[PDB]
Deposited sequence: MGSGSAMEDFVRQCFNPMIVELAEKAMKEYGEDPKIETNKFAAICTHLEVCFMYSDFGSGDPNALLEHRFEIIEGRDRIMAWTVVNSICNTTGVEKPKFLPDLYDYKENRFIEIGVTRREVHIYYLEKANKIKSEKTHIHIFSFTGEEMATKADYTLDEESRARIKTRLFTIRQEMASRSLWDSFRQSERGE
């Protein structure tokens, strides 16, 4: 375990349960694919923190069953006309009226930005990338959040990294490119 112990100690139970459900759907064992497990929890938590930093500004799409995620996406499209994305995004921004894809990477933010923009191939979805180094990259350099909220996300990601490092897990996690 070790990685599993750390995941259960640093993420709240709701997130852990959501991550285990995601992995039981994919067919993957969180006791085996430990680095994926941690990356899923981290990404889930960034999405929830992002949303929570809003007069009810964000709708969370990530973390729901696919049925219900698509139900939410469809509802938003029918009530705004916003083009329906091709891949499930992570949040909807009602203030700006755009979907958001959140990326968390152990590599350089620009590399992973390029990789996500190339994947989603949709000019509609705003993209926001975070590293474990306090760096971010976002479409048009439009970061959406205020400094406080982005700083809190940066802090938590760095803290997770240092917690992994103190437990000797960071090097495997960093080289694992799995989940990001």
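Residues of the deposited sequence with no modelled C-alpha atom fall in the ranges 1-4, 59-66.
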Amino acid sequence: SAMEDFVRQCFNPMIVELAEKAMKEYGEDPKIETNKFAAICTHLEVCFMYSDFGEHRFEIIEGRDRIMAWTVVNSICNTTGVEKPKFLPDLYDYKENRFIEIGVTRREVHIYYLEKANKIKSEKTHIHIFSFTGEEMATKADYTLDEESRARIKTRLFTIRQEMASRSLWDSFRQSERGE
From here on, numbers count along this sequence of modelled residues.
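Taking the mean C-alpha B-factor of each stretch as recorded, 152-160 and 166-174 are not equal, and the higher mean is that of 166-174. Higher average CA B factor: 75-83, of the stretches 75-83 and 102-110. Across 42, 133, 118, 35, the entry's maximum B-factor at the CA atom is seen for 118.
Residue 31: CA B factor in the highest third of modelled residues in this chain (values from the PDB entry). Ranked against the other modelled residues of its chain, the C-alpha B-factor of residue 53 as given in the entry falls in the highest third. Among the modelled residues of the chain, residue 128 sits in the lowest third by CA temperature factor in this PDB entry.
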